[PDB]
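Structure file my_file-v4.txt (compact mmCIF, C-alpha atoms and all ligand atoms) is printed below.
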# COMPACT_ATOMS: atom_id res chain seq x y z
CA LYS A 1 14.51 -2.21 64.52
CA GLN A 2 15.42 -0.25 61.31
CA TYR A 3 12.68 1.40 59.28
CA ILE A 4 11.74 4.11 56.81
CA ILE A 5 10.59 7.41 58.37
CA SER A 6 10.02 9.39 55.11
CA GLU A 7 10.85 9.72 51.44
CA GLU A 8 11.44 13.02 49.73
CA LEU A 9 11.14 13.14 45.93
CA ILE A 10 14.31 14.67 44.40
CA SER A 11 13.56 14.18 40.66
CA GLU A 12 10.99 12.27 38.62
CA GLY A 13 11.36 11.34 35.03
CA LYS A 14 9.02 9.45 32.84
CA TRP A 15 10.57 6.09 33.82
CA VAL A 16 12.74 6.62 36.91
CA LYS A 17 12.87 8.77 39.98
CA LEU A 18 15.43 9.69 42.57
CA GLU A 19 14.40 9.98 46.20
CA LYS A 20 16.00 10.84 49.43
CA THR A 21 15.02 8.27 52.10
CA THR A 22 15.16 9.02 55.77
CA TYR A 23 15.45 5.97 57.98
CA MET A 24 16.14 5.03 61.57
CA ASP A 25 19.41 3.20 62.03
CA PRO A 26 19.43 0.67 64.85
CA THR A 27 21.37 2.98 67.25
CA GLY A 28 18.25 5.32 67.26
CA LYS A 29 20.03 7.80 64.90
CA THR A 30 18.23 9.21 61.90
CA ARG A 31 20.00 8.76 58.52
CA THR A 32 19.52 9.44 54.84
CA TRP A 33 19.89 7.41 51.65
CA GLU A 34 19.61 8.30 47.95
CA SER A 35 17.27 5.72 46.35
CA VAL A 36 16.11 5.10 42.85
CA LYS A 37 12.69 3.74 41.91
CA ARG A 38 10.97 3.03 38.67
CA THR A 39 7.76 5.04 38.09
CA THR A 40 6.11 2.01 36.40
CA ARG A 41 5.42 -0.45 39.24
CA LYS A 42 1.85 -1.26 40.45
CA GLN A 43 2.56 -5.85 40.59
CA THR A 44 4.55 -8.52 42.49
CA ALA A 45 7.68 -6.86 41.17
CA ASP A 46 8.86 -4.54 38.45
CA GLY A 47 9.82 -7.25 35.99
CA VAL A 48 10.70 -10.81 35.17
CA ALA A 49 13.89 -12.47 33.97
CA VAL A 50 13.61 -15.81 32.25
CA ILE A 51 16.12 -18.64 32.58
CA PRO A 52 15.28 -20.47 29.34
CA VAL A 53 16.73 -24.01 29.17
CA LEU A 54 16.68 -25.04 25.48
CA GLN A 55 16.29 -28.84 25.51
CA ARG A 56 17.04 -30.71 22.27
CA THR A 57 17.65 -34.38 22.01
CA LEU A 58 21.22 -35.49 21.20
CA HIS A 59 22.49 -31.97 21.89
CA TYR A 60 23.81 -30.18 24.89
CA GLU A 61 21.20 -28.23 26.92
CA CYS A 62 21.54 -24.53 26.14
CA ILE A 63 20.72 -21.41 28.10
CA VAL A 64 19.10 -18.95 25.76
CA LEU A 65 20.34 -15.37 26.29
CA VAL A 66 19.99 -12.07 24.55
CA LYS A 67 22.39 -9.35 23.49
CA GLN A 68 21.16 -5.73 23.24
CA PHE A 69 22.50 -2.21 23.41
CA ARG A 70 21.90 -0.80 26.85
CA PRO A 71 21.91 2.98 26.88
CA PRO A 72 22.68 3.18 30.59
CA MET A 73 25.73 0.99 29.97
CA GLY A 74 26.72 2.74 26.65
CA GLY A 75 27.45 -0.71 25.37
CA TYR A 76 26.11 -4.06 24.38
CA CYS A 77 25.11 -6.55 27.17
CA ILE A 78 24.36 -10.21 27.40
CA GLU A 79 21.31 -10.98 29.59
CA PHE A 80 18.52 -13.41 30.40
CA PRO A 81 15.42 -12.42 28.42
CA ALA A 82 13.50 -10.01 30.51
CA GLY A 83 11.01 -7.23 30.69
CA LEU A 84 8.45 -5.38 32.80
CA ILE A 85 5.31 -7.18 33.96
CA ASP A 86 2.18 -5.58 32.30
CA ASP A 87 -0.50 -4.33 34.80
CA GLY A 88 -2.76 -7.33 35.33
CA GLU A 89 -0.14 -9.82 34.02
CA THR A 90 1.04 -12.73 36.18
CA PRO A 91 4.91 -13.30 36.47
CA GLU A 92 4.60 -16.66 34.72
CA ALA A 93 2.69 -15.04 31.87
CA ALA A 94 5.08 -12.13 31.50
CA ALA A 95 7.89 -14.72 31.28
CA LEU A 96 6.43 -16.69 28.41
CA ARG A 97 5.46 -13.54 26.64
CA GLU A 98 8.87 -11.84 26.97
CA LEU A 99 10.62 -15.04 26.06
CA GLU A 100 8.51 -15.15 22.87
CA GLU A 101 8.92 -11.53 21.93
CA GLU A 102 12.67 -11.48 22.52
CA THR A 103 13.67 -14.92 21.22
CA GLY A 104 10.71 -16.42 19.31
CA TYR A 105 10.89 -19.50 21.63
CA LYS A 106 7.71 -20.89 23.15
CA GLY A 107 8.31 -22.50 26.43
CA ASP A 108 6.96 -24.09 29.50
CA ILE A 109 7.09 -22.90 33.16
CA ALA A 110 9.18 -24.98 35.62
CA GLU A 111 9.46 -22.74 38.62
CA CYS A 112 9.18 -19.10 39.50
CA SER A 113 11.01 -17.22 42.27
CA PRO A 114 9.60 -14.83 44.82
CA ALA A 115 10.29 -11.21 44.17
CA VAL A 116 14.14 -10.75 44.30
CA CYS A 117 16.05 -7.49 44.40
CA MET A 118 18.16 -6.15 41.61
CA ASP A 119 20.52 -3.71 43.36
CA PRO A 120 19.19 -3.05 46.82
CA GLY A 121 21.84 -0.53 47.84
CA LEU A 122 20.67 1.65 44.97
CA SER A 123 17.05 0.91 43.96
CA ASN A 124 13.88 -0.81 45.05
CA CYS A 125 13.79 -2.73 41.74
CA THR A 126 12.64 -6.29 41.90
CA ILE A 127 11.99 -9.22 39.55
CA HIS A 128 10.77 -12.76 39.49
CA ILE A 129 13.20 -15.20 38.07
CA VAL A 130 11.24 -17.71 36.06
CA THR A 131 12.86 -20.98 34.95
CA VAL A 132 11.31 -22.11 31.69
CA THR A 133 12.15 -25.13 29.53
CA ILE A 134 11.89 -24.95 25.71
CA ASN A 135 11.21 -28.17 23.82
CA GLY A 136 13.56 -27.49 20.98
CA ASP A 137 12.29 -30.59 19.16
CA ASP A 138 8.67 -29.25 18.75
CA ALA A 139 7.79 -27.58 15.42
CA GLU A 140 6.77 -24.28 17.12
CA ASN A 141 10.47 -23.85 18.14
CA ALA A 142 11.87 -24.99 14.79
CA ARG A 143 12.16 -21.51 13.22
CA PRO A 144 11.45 -19.34 16.28
CA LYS A 145 9.78 -16.04 15.32
CA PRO A 146 10.76 -13.07 17.58
CA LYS A 147 7.92 -10.54 17.88
CA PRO A 148 9.86 -7.48 19.21
CA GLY A 149 8.19 -4.14 20.01
CA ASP A 150 8.90 -0.67 18.58
CA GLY A 151 12.56 0.29 19.30
CA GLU A 152 13.73 -3.13 20.64
CA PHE A 153 16.69 -4.76 18.79
CA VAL A 154 17.67 -8.07 20.38
CA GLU A 155 20.14 -10.78 19.13
CA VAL A 156 19.56 -14.28 20.48
CA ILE A 157 22.58 -16.24 21.78
CA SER A 158 22.15 -19.80 23.00
CA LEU A 159 25.04 -21.17 24.95
CA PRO A 160 25.72 -24.63 26.29
CA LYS A 161 24.70 -25.05 29.89
CA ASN A 162 27.67 -27.38 30.79
CA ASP A 163 30.37 -24.82 29.66
CA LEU A 164 28.40 -21.58 30.21
CA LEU A 165 30.95 -19.74 32.30
CA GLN A 166 33.83 -20.30 29.83
CA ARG A 167 31.65 -19.30 27.03
CA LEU A 168 30.67 -16.04 28.65
CA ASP A 169 34.27 -15.28 29.62
CA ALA A 170 35.11 -15.73 25.95
CA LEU A 171 32.38 -13.39 24.77
CA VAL A 172 33.66 -10.80 27.16
CA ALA A 173 37.35 -11.25 26.17
CA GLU A 174 36.64 -11.33 22.52
CA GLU A 175 33.55 -9.09 21.96
CA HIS A 176 33.87 -6.44 24.76
CA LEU A 177 30.21 -7.21 25.70
CA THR A 178 29.17 -6.86 29.32
CA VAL A 179 27.68 -9.94 30.91
CA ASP A 180 24.82 -9.49 33.33
CA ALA A 181 25.49 -10.26 36.94
CA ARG A 182 22.61 -12.67 37.32
CA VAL A 183 23.71 -14.54 34.19
CA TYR A 184 27.28 -14.66 35.57
CA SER A 185 26.12 -15.82 38.96
CA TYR A 186 24.13 -18.65 37.40
CA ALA A 187 27.16 -19.69 35.30
CA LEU A 188 29.42 -19.68 38.33
CA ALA A 189 27.13 -21.89 40.37
CA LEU A 190 26.94 -24.39 37.48
CA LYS A 191 30.75 -24.78 37.95
CA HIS A 192 30.69 -24.61 41.71
CA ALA A 193 28.03 -27.34 42.07
CA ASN A 194 29.73 -30.22 43.85
CA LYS B 1 25.85 -0.24 15.14
CA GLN B 2 24.44 1.52 18.29
CA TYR B 3 26.18 4.12 20.41
CA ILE B 4 25.79 7.02 22.78
CA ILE B 5 25.33 10.49 21.28
CA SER B 6 25.08 12.49 24.48
CA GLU B 7 24.50 12.28 28.21
CA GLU B 8 22.74 15.27 29.81
CA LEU B 9 22.60 15.58 33.58
CA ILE B 10 19.05 15.77 35.00
CA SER B 11 19.57 15.57 38.80
CA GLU B 12 22.69 14.96 40.85
CA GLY B 13 22.60 13.91 44.50
CA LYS B 14 25.75 13.26 46.54
CA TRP B 15 25.73 9.52 45.58
CA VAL B 16 23.36 8.96 42.58
CA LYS B 17 22.55 10.91 39.43
CA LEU B 18 19.82 10.68 36.82
CA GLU B 19 20.83 11.39 33.17
CA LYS B 20 18.94 11.79 29.89
CA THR B 21 20.81 9.56 27.57
CA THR B 22 20.66 10.16 23.82
CA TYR B 23 21.70 7.30 21.53
CA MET B 24 21.54 6.05 17.91
CA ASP B 25 19.30 3.05 17.31
CA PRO B 26 20.29 0.50 14.64
CA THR B 27 17.80 1.89 12.07
CA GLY B 28 19.73 5.27 12.25
CA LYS B 29 17.16 7.07 14.44
CA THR B 30 18.08 9.22 17.48
CA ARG B 31 16.35 8.02 20.76
CA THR B 32 16.50 8.77 24.51
CA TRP B 33 16.71 6.78 27.76
CA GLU B 34 16.69 7.74 31.37
CA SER B 35 19.88 6.41 32.98
CA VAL B 36 21.08 6.13 36.52
CA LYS B 37 24.76 6.32 37.56
CA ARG B 38 26.70 6.47 40.75
CA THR B 39 28.81 9.59 41.38
CA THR B 40 31.51 7.58 43.17
CA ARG B 41 33.01 5.66 40.20
CA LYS B 42 36.69 6.44 39.60
CA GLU B 43 39.16 4.67 37.41
CA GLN B 44 37.77 1.48 39.12
CA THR B 45 37.00 -1.26 36.66
CA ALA B 46 33.57 -1.30 38.28
CA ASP B 47 31.60 0.29 41.05
CA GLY B 48 31.80 -2.55 43.38
CA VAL B 49 32.34 -6.16 44.28
CA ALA B 50 30.19 -8.98 45.54
CA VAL B 51 31.85 -11.96 47.20
CA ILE B 52 30.76 -15.59 46.85
CA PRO B 53 32.32 -16.88 50.06
CA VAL B 54 32.53 -20.70 50.24
CA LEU B 55 33.07 -21.72 53.78
CA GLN B 56 35.02 -24.99 53.81
CA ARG B 57 35.50 -27.10 56.89
CA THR B 58 36.56 -30.69 57.56
CA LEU B 59 33.54 -33.07 57.97
CA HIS B 60 31.12 -30.20 57.05
CA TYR B 61 29.14 -29.58 53.96
CA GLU B 62 30.41 -26.35 52.21
CA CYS B 63 28.38 -23.29 53.11
CA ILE B 64 27.70 -20.06 51.24
CA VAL B 65 28.16 -17.17 53.66
CA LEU B 66 25.46 -14.43 53.17
CA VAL B 67 24.66 -11.20 54.92
CA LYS B 68 21.35 -9.68 55.97
CA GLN B 69 21.04 -5.90 56.23
CA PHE B 70 18.48 -3.16 56.10
CA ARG B 71 18.38 -1.58 52.68
CA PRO B 72 16.78 1.89 52.64
CA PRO B 73 15.89 1.76 48.94
CA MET B 74 13.98 -1.44 49.58
CA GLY B 75 12.35 -0.31 52.92
CA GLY B 76 13.39 -3.64 54.39
CA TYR B 77 15.93 -6.38 55.09
CA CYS B 78 17.69 -8.18 52.24
CA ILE B 79 19.82 -11.30 52.04
CA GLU B 80 22.83 -10.77 49.78
CA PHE B 81 26.38 -11.81 49.07
CA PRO B 82 28.83 -9.67 51.06
CA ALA B 83 29.47 -6.59 48.91
CA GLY B 84 30.90 -3.07 48.83
CA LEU B 85 32.13 -0.38 46.52
CA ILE B 86 35.79 -0.55 45.42
CA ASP B 87 37.93 2.20 47.10
CA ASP B 88 39.96 4.48 44.78
CA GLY B 89 43.13 2.52 43.71
CA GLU B 90 41.99 -0.66 45.45
CA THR B 91 41.96 -3.89 43.47
CA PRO B 92 38.63 -5.88 43.10
CA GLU B 93 40.28 -8.80 44.91
CA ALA B 94 41.50 -6.61 47.82
CA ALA B 95 38.09 -4.95 48.04
CA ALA B 96 36.40 -8.42 48.16
CA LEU B 97 38.62 -9.77 50.86
CA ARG B 98 38.27 -6.54 52.84
CA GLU B 99 34.44 -6.32 52.54
CA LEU B 100 34.20 -9.99 53.44
CA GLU B 101 36.18 -9.50 56.63
CA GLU B 102 34.43 -6.25 57.54
CA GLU B 103 30.91 -7.67 57.00
CA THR B 104 31.38 -11.21 58.32
CA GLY B 105 34.59 -11.54 60.28
CA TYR B 106 35.95 -14.19 57.86
CA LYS B 107 39.38 -14.16 56.22
CA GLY B 108 39.09 -15.63 52.78
CA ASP B 109 41.47 -16.76 50.07
CA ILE B 110 40.92 -15.61 46.55
CA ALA B 111 39.65 -18.28 44.15
CA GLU B 112 38.56 -16.34 41.09
CA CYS B 113 37.47 -12.91 39.91
CA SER B 114 34.97 -12.14 37.19
CA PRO B 115 35.16 -9.38 34.67
CA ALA B 116 32.95 -6.35 35.41
CA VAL B 117 29.32 -7.47 35.17
CA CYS B 118 26.18 -5.32 35.05
CA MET B 119 23.81 -4.93 37.94
CA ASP B 120 20.66 -3.71 36.07
CA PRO B 121 21.63 -2.58 32.67
CA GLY B 122 18.21 -1.25 31.52
CA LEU B 123 18.33 1.18 34.48
CA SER B 124 21.95 1.94 35.43
CA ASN B 125 25.55 1.71 34.44
CA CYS B 126 26.47 0.07 37.77
CA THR B 127 28.90 -2.81 37.56
CA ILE B 128 30.63 -5.19 39.91
CA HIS B 129 33.26 -7.88 40.04
CA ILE B 130 31.96 -11.11 41.41
CA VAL B 131 34.82 -12.51 43.46
CA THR B 132 34.78 -16.15 44.56
CA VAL B 133 36.66 -16.65 47.80
CA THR B 134 37.20 -19.78 49.88
CA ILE B 135 37.18 -19.59 53.60
CA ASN B 136 39.21 -22.16 55.50
CA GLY B 137 36.92 -22.74 58.43
CA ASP B 138 39.49 -25.05 60.11
CA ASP B 139 41.95 -22.14 60.53
CA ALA B 140 41.85 -20.54 63.99
CA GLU B 141 41.70 -17.07 62.30
CA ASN B 142 38.13 -18.08 61.24
CA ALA B 143 36.99 -19.82 64.45
CA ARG B 144 34.75 -17.31 66.25
CA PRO B 145 35.14 -14.24 63.90
CA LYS B 146 33.80 -10.65 64.63
CA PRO B 147 32.40 -8.36 61.87
CA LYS B 148 34.03 -4.88 61.84
CA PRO B 149 31.17 -2.91 60.32
CA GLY B 150 32.01 0.65 59.09
CA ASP B 151 30.02 3.76 60.12
CA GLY B 152 26.25 3.08 60.09
CA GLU B 153 26.69 -0.57 58.98
CA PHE B 154 24.63 -3.24 60.81
CA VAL B 155 25.05 -6.66 59.25
CA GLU B 156 23.98 -10.18 60.29
CA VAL B 157 25.84 -13.22 58.89
CA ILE B 158 23.88 -16.18 57.58
CA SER B 159 25.68 -19.32 56.45
CA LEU B 160 23.67 -21.84 54.41
CA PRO B 161 24.76 -25.21 52.98
CA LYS B 162 25.58 -25.02 49.37
CA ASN B 163 23.89 -28.41 48.85
CA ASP B 164 20.49 -27.06 49.98
CA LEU B 165 20.83 -23.31 49.31
CA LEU B 166 17.62 -22.72 47.33
CA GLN B 167 15.40 -24.54 49.84
CA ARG B 168 17.04 -22.79 52.74
CA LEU B 169 16.54 -19.35 51.11
CA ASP B 170 12.90 -20.30 50.32
CA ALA B 171 12.41 -21.19 54.01
CA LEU B 172 13.85 -17.86 55.17
CA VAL B 173 11.54 -15.98 52.80
CA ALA B 174 8.64 -18.09 54.12
CA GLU B 175 9.30 -17.40 57.89
CA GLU B 176 10.62 -13.82 57.69
CA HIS B 177 9.45 -11.16 55.18
CA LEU B 178 12.86 -10.37 53.73
CA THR B 179 13.97 -10.17 50.20
CA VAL B 180 16.56 -12.38 48.61
CA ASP B 181 19.04 -10.77 46.15
CA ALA B 182 18.66 -11.69 42.55
CA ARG B 183 22.32 -12.82 42.26
CA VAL B 184 22.06 -14.97 45.28
CA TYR B 185 18.83 -16.51 43.97
CA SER B 186 20.32 -17.12 40.52
CA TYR B 187 23.32 -18.85 42.03
CA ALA B 188 21.03 -21.04 44.25
CA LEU B 189 18.90 -21.94 41.18
CA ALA B 190 22.00 -23.06 39.19
CA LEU B 191 23.15 -25.14 42.16
CA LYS B 192 19.84 -26.99 41.87
CA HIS B 193 19.83 -27.08 38.05
CA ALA B 194 23.26 -28.79 38.13
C1 LIG C 1 23.36 4.60 45.96
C2 LIG C 1 23.83 4.70 47.42
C3 LIG C 1 23.12 5.91 48.04
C4 LIG C 1 23.61 6.35 49.34
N1 LIG C 1 22.95 7.24 50.03
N2 LIG C 1 23.44 7.57 51.20
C5 LIG C 1 24.57 6.94 51.49
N3 LIG C 1 25.24 7.13 52.70
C6 LIG C 1 26.45 6.55 53.14
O1 LIG C 1 27.14 5.79 52.49
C7 LIG C 1 26.85 7.00 54.52
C8 LIG C 1 27.06 8.39 54.72
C9 LIG C 1 27.29 8.84 56.04
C10 LIG C 1 27.30 7.91 57.10
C11 LIG C 1 27.11 6.53 56.81
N4 LIG C 1 26.89 6.05 55.54
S1 LIG C 1 25.05 5.81 50.16
CL CL C 2 15.59 -26.96 34.64
MG MG C 3 13.74 -6.96 27.60
MG MG C 4 9.36 -5.60 26.22
MG MG C 5 28.25 -3.95 51.88
MG MG C 6 30.44 -2.99 54.10
Go ahead and express the file in the form of structure tokens.
Amino acid sequence: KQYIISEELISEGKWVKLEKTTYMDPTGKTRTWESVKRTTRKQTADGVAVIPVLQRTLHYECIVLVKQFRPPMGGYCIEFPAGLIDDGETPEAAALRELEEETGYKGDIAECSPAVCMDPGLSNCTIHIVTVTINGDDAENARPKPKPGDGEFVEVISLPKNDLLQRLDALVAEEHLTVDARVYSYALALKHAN
Amino acid sequence: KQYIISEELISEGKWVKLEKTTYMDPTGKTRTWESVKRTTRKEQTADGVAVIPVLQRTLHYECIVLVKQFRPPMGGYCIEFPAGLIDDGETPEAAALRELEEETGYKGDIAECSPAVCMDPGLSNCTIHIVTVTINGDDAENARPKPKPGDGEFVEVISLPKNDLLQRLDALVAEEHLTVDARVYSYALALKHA
């Protein structure tokens, strides 16, 4: 019943473009929307985000997160490890790779989502969310070695799964970091579960 | 260490702008980013809200109330938490309750309100409050409720049991060609992981 009729390019950068979408609303009226797209997508999705469950015996399970400066935010943010899927990469493979580059941890795939939207009122951006467990007791994850690219500066922050929400709320109150909405949503459901 | 040096407008639509962001990396080098921003953000603590609406009813499993809408930037239908931008001077909590009633017909009760969290911080500055609201489904106010969609809003309400959310979302994606929101999916994953 609703559909896209055309897309007019407004402005194209190296990484991002702005478009004006014309679409048919369900009353049979023609309408417009300003839409953002990345210029990098081919793939299943633009990117992956990794939910990395650090499992170590006799310890609480941790969720491994990363803190970085985000120029669009003008501030530091706390996020799941994430990045863009290389052309010819699978989502699962991008997840292990990104997880290694950003944290040094080497992990195992548990499940992978279908492509899910990031901010669908604004952009077409999508990701796979890939749940990964990290055997924290193996020697490869003893002194994890982050292999970050040129210009990436990432701090690793592992927080306990069973108090995640309170821990994030603290980082926000006390560090003026911004927590990512997917990370916050995850933390909320850990509390809301039964 | 890192901070914004300058923000140079590239292209402004009525709703969205692209900016060339210049910032200082932690080595001391000047770098650039392409950044998206909304034009609508005021003194609001955030662009918007998303509502986690827990429908509670005697002798019923709790449900999460979701909405399905056409999203022009996506070219397709998306399943999301009820959500809208915060009006000038409106509180996040008022906005949440109001968007919830407008989009679903339900009258909720505030449970909790997050700090401002980032929607896609490598791309945009957009932020929301995630507002958890309970809905007393035994109250007559919430018996056979009508959405009051604004101008050009066409929303369908989908209520799924909290205890099976992830499988129910996976089934919808299997039978329907629709996209699930990344927040909704993250929340459904944590409900399983707990
Ligand atoms: C990032 C959001 C981009 C938008 N582009 N177009 C938008 N139109 C409206 O909100 C609207 C205007 C007139 C009648 C009905 N709805 S919002
Ligand atoms: Cl798990
Ligand atoms: Mg990354
Ligand atoms: Mg990378
Ligand atoms: Mg809305
Ligand atoms: Mg609305």
Exercise for review: With a cut-off of 6 Å and counting only C-alpha atoms, select all residues of chain A in contact with chain B and give the selection as a list in words.
Suggested key: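 Contact residues on the first chain: residues 4, 35, 70, 72, 73, 74, 116, 117, 118, 123, 124, 178, 179, 180, 181, 182, 185, 186, 189, 190 and 193 of chain A.
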Check your understanding: Can you tell me which residues sit at most 12 Å away from ligand MG 4 (chain C), counting all atoms listed in the file, written as an MDAnalysis selection string?
Key -> (chainID A and resid 47:49 81:86 94:103 146:154) or (chainID B and resid 122)
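Proximity of A:159, A:24, A:112, A:9 to ligand CL 2 (chain C), computed with all atoms listed in the file, is greatest for A:112.
You will find atom CA of residue 168 of chain B at 23.3 Å from atom CA of residue 121 of chain A.
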Please enclose the listed atoms of segment 45-48 of chain A in an axis-aligned box, pad each side by 8 Å, and write out the centre and the three edge lengths in Å, rounded to one decimal, as AutoDock Vina command-line options.
--center_x 9.2 --center_y -7.7 --center_z 38.2 --size_x 19.0 --size_y 22.3 --size_z 22.0
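Counting from atom CA of residue 51 of chain A, the distance to atom CA of residue 127 of chain A is 12.4 Å.
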Check your understanding: Which residues form the shell of 12 Å around ligand MG 5 (chain C) when you count only C-alpha atoms and all ligand atoms, given as a ChimeraX atom specification?
Key -> /A:119-122 /B:48-51,66-71,78-86,95-104,147-157
With C-alpha atoms retained, export the selected residues as a CSV table (one decimal), in the frame of the given file.
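To be explicit, this is the file written out as again-v2.csv:
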chain,number,residue,atom,x,y,z
A,119,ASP,CA,20.5,-3.7,43.4
A,120,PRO,CA,19.2,-3.0,46.8
A,121,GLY,CA,21.8,-0.5,47.8
A,122,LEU,CA,20.7,1.6,45.0
B,48,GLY,CA,31.8,-2.6,43.4
B,49,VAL,CA,32.3,-6.2,44.3
B,50,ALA,CA,30.2,-9.0,45.5
B,51,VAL,CA,31.8,-12.0,47.2
B,66,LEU,CA,25.5,-14.4,53.2
B,67,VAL,CA,24.7,-11.2,54.9
B,68,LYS,CA,21.4,-9.7,56.0
B,69,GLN,CA,21.0,-5.9,56.2
B,70,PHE,CA,18.5,-3.2,56.1
B,71,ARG,CA,18.4,-1.6,52.7
B,78,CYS,CA,17.7,-8.2,52.2
B,79,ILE,CA,19.8,-11.3,52.0
B,80,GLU,CA,22.8,-10.8,49.8
B,81,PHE,CA,26.4,-11.8,49.1
B,82,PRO,CA,28.8,-9.7,51.1
B,83,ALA,CA,29.5,-6.6,48.9
B,84,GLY,CA,30.9,-3.1,48.8
B,85,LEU,CA,32.1,-0.4,46.5
B,86,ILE,CA,35.8,-0.6,45.4
B,95,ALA,CA,38.1,-5.0,48.0
B,96,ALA,CA,36.4,-8.4,48.2
B,97,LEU,CA,38.6,-9.8,50.9
B,98,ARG,CA,38.3,-6.5,52.8
B,99,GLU,CA,34.4,-6.3,52.5
B,100,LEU,CA,34.2,-10.0,53.4
B,101,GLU,CA,36.2,-9.5,56.6
B,102,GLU,CA,34.4,-6.2,57.5
B,103,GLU,CA,30.9,-7.7,57.0
B,104,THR,CA,31.4,-11.2,58.3
B,147,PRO,CA,32.4,-8.4,61.9
B,148,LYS,CA,34.0,-4.9,61.8
B,149,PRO,CA,31.2,-2.9,60.3
B,150,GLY,CA,32.0,0.6,59.1
B,151,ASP,CA,30.0,3.8,60.1
B,152,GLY,CA,26.2,3.1,60.1
B,153,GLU,CA,26.7,-0.6,59.0
B,154,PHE,CA,24.6,-3.2,60.8
B,155,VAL,CA,25.0,-6.7,59.2
B,156,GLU,CA,24.0,-10.2,60.3
B,157,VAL,CA,25.8,-13.2,58.9
Study note, to complete from the structure: Expressed in Å, the length from atom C6 of ligand LIG 1 (chain C) to atom CA of residue 32 of chain A is 7.7 Å
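Each of A:161, A:173, A:50, A:138 was compared to residue 110 of chain A using all atoms listed in the file, and A:50 turns out to be the nearest.
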Could you produce a table of the residues of chain A lying within 12 Å of ligand CL 2 (chain C), with the nearest pair of atoms per residue and their separation in Å rounded to one decimal, using only C-alpha atoms and all ligand atoms, ordered by chain and increasing residue number, as CSV?
residue,atom,partner,partner_atom,distance
A:50,CA,C:CL2,CL,11.6
A:51,CA,C:CL2,CL,8.6
A:52,CA,C:CL2,CL,8.4
A:53,CA,C:CL2,CL,6.3
A:54,CA,C:CL2,CL,9.4
A:55,CA,C:CL2,CL,9.3
A:61,CA,C:CL2,CL,9.6
A:62,CA,C:CL2,CL,10.7
A:63,CA,C:CL2,CL,10.0
A:107,CA,C:CL2,CL,11.8
A:108,CA,C:CL2,CL,10.4
A:109,CA,C:CL2,CL,9.5
A:110,CA,C:CL2,CL,6.8
A:111,CA,C:CL2,CL,8.4
A:112,CA,C:CL2,CL,11.2
A:130,CA,C:CL2,CL,10.3
A:131,CA,C:CL2,CL,6.6
A:132,CA,C:CL2,CL,7.1
A:133,CA,C:CL2,CL,6.4
A:134,CA,C:CL2,CL,9.9
A:135,CA,C:CL2,CL,11.7
A:161,CA,C:CL2,CL,10.5
A:190,CA,C:CL2,CL,12.0
Just C-alpha atoms for this one: save the residues we selected as a short mmCIF file (atom, residue, chain, number, x, y, z; two decimals), in the coordinates of the input.
data_model
loop_
_atom_site.label_atom_id
_atom_site.label_comp_id
_atom_site.auth_asym_id
_atom_site.auth_seq_id
_atom_site.Cartn_x
_atom_site.Cartn_y
_atom_site.Cartn_z
CA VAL A 50 13.61 -15.81 32.25
CA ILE A 51 16.12 -18.64 32.58
CA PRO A 52 15.28 -20.47 29.34
CA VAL A 53 16.73 -24.01 29.17
CA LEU A 54 16.68 -25.04 25.48
CA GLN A 55 16.29 -28.84 25.51
CA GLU A 61 21.20 -28.23 26.92
CA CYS A 62 21.54 -24.53 26.14
CA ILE A 63 20.72 -21.41 28.10
CA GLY A 107 8.31 -22.50 26.43
CA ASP A 108 6.96 -24.09 29.50
CA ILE A 109 7.09 -22.90 33.16
CA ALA A 110 9.18 -24.98 35.62
CA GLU A 111 9.46 -22.74 38.62
CA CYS A 112 9.18 -19.10 39.50
CA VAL A 130 11.24 -17.71 36.06
CA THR A 131 12.86 -20.98 34.95
CA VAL A 132 11.31 -22.11 31.69
CA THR A 133 12.15 -25.13 29.53
CA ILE A 134 11.89 -24.95 25.71
CA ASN A 135 11.21 -28.17 23.82
CA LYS A 161 24.70 -25.05 29.89
CA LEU A 190 26.94 -24.39 37.48
#
Point to revise | Selected residue of minimal separation from ligand MG 6 (chain C) among B:28, B:169, B:55, B:87, counting all atoms listed in the file | key: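 Closest to ligand MG 6 (chain C), using all atoms listed in the file: B:87.
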